[PDB]
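You are given structure tokens for the same protein chain in two forms, set apart as structure 1 and structure 2.
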Structure 1
């Protein structure tokens, strides 16, 4: 052989920031690579090719539950230790980790609230939010584009849909970050899990509070929608509602946050595109799409084999974990010529940054709206966005991929 075993763990900051050279070396050797774990831990098959990633997200014998895959009561349905019960409850209640029919019933109840029509009515306001955020960020000397903008924008947006207090955007953010340490490609040397556990509890109480208050002066916000469904007979527990709010809050902003932050990083490394964008704003929609293919906010998603499946050079046994490398698929030259070139005129609707299949990003249209309106705000409100120095720290995360913070030195 030539290449050693591949996994998303313990990577140095250099590779986390620019993982593409790694996906390339592996993609060129084989579309699928398998990595053995050692005990009663199942093998994992990493998919690097576009076509095979498509197959991972599409084939229905791949599911989200490792317990269903192994047919073993002992194995955890989701990747969180039993020790952490509040965390486990919250996570196994996320739509992304559900299988049909439960998954179908929930998405169905939820999708009407994120329609193209509703996103269009939201734009003028997503615009005043960004403007106000940037307005505030000039008041300070070395602004953090993440805490001061990339995070607050999508949190305030989803907070309104949910029907929660705008004033809680900082509290919401910190608990979402604490919970993120439970993500499967994190360090977790010392209390990542304990913190995520406590965060989960904070969200449980916060959201349990919100619903016992859903006999009030009755709005329409996901919360009410959710509570009214249960009250009228829908198969929904308060844990399920709680988990959904947590899922919508986290999945509803951490992704957009990373897109916005990394987009600033990408445009800075591609000044011709950045300057082209500053002068011709009609290119914004095409830029977003290409920025997404170029450096997707979500680098890896997992699935579990419910039955034997053949992919690439491998015969994946039932019970095997399967990882679709979105970032690697978006830079596969077989699908995107000159993949490392940031070209905003290429056809990129093909990119799998929003996923594919039944779990296709639920807020894609909302995400796209926050992305263009978002980076528009940055482009027009910060002339020196592409000048001067910047400092960034990437999170040790290969699922939700991006900066923990990004300070700029334009006064």
Structure 2
């Protein structure tokens, strides 16, 4: 027997290494039911690659529970929380502002920022890679995309961190989050009244239906999006490579391999460990007949280590075929900043490899956040030289 599954209330040691946990449940059964009341609604956890793909592509499974606070206003038009209707119009909106075209031209600036961060990082005995590089890099890149002042990166990040307090994937948390939400709102509303902001504002100045609240809420999502994902990718990437010195060393000596490495590092330990859905109709999955209204949880980290799809899943193999891992999702809700995130991943990782020769040497001090959805270290100390 195994205890009832749930992503909340995980032992700190399992948070550090969840994969063996996924494996035992996955070997037991592809889908696991974790009952409610009665009063319900019941939840179903999907551990298999194929079933996760089924979950993510089924139109009958939507994002919000559809019955069988400057924070509330900031979070209310975040694209990651909208279903197809509201969702379709908004996604189409900012989609091409994150095109390979814009990202490609942004890469040189991303590298410049990564380099600058390292320069400072190099000036301390035992640096924190999270607070000193992984966390500030996404903030700084998106800030340059929004035309925000570079020097605000530290303040903005502090608030992004505060905002996380109220996350449903975590545990007076709302106080800090509301404080932050109000701080962001006041901040961005002042910005609207004077470059992605320009375009979003300009859209309203020339007839495009956009509320100042919508532009503001949008800015807060984009500003905090990479901080809760890319940051975690980079920090865990350092942990993975230190644990796999053969790959770390090959990467140092084969720069052109960075892209494939990032794809495999993403498969191996993805930043977002799960995405939730709600059944709008009865569904069958695994051996389960899932009633309309049940909550369905797609375990991306579990899917990415599914031996049925990835042979020897625990081996870090940069030679696997690309475009299979589901770390950026799959379907209509496929990560919007996937292109931008991938560029920050490759550029930031290369910066670290070329910037910290002893990255793979010595011991490290790591502490993970009590979060099994946005998964990663809250701090990663490194013994340098």
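We call the rigid core whatever largest set of C-alpha positions still superposes within 1.5 Å between the two forms. Residue numbers count along the first chain shown, from 1.
With the two forms fitted on their core, the C-alpha shifts between structure 1 and structure 2 stay under 2 Å for all of 134, 238, 274, 119 except 238. Put the two forms on the same core and the Cα of residue 383 is off by less than 2 Å between structure 1 and structure 2. Once you line up the core between structure 1 and structure 2, the Cα of residue 155 stays within less than 2 Å of where it was. Annotation: Cα of residue 90 displaced by at least 2 Å between structure 1 and structure 2, core superposition.
When the rigid core is fitted, residue 198 shows a C-alpha shift of 2.1 Å between structure 1 and structure 2.
Structural comparison between structure 1 and structure 2 after rigid-core fitting shows the C-alpha of residue 317 displaced 1.4 Å.
Taking the core as the fixed frame between structure 1 and structure 2, we note the C-alpha of residue 292 moving 0.3 angstrom.
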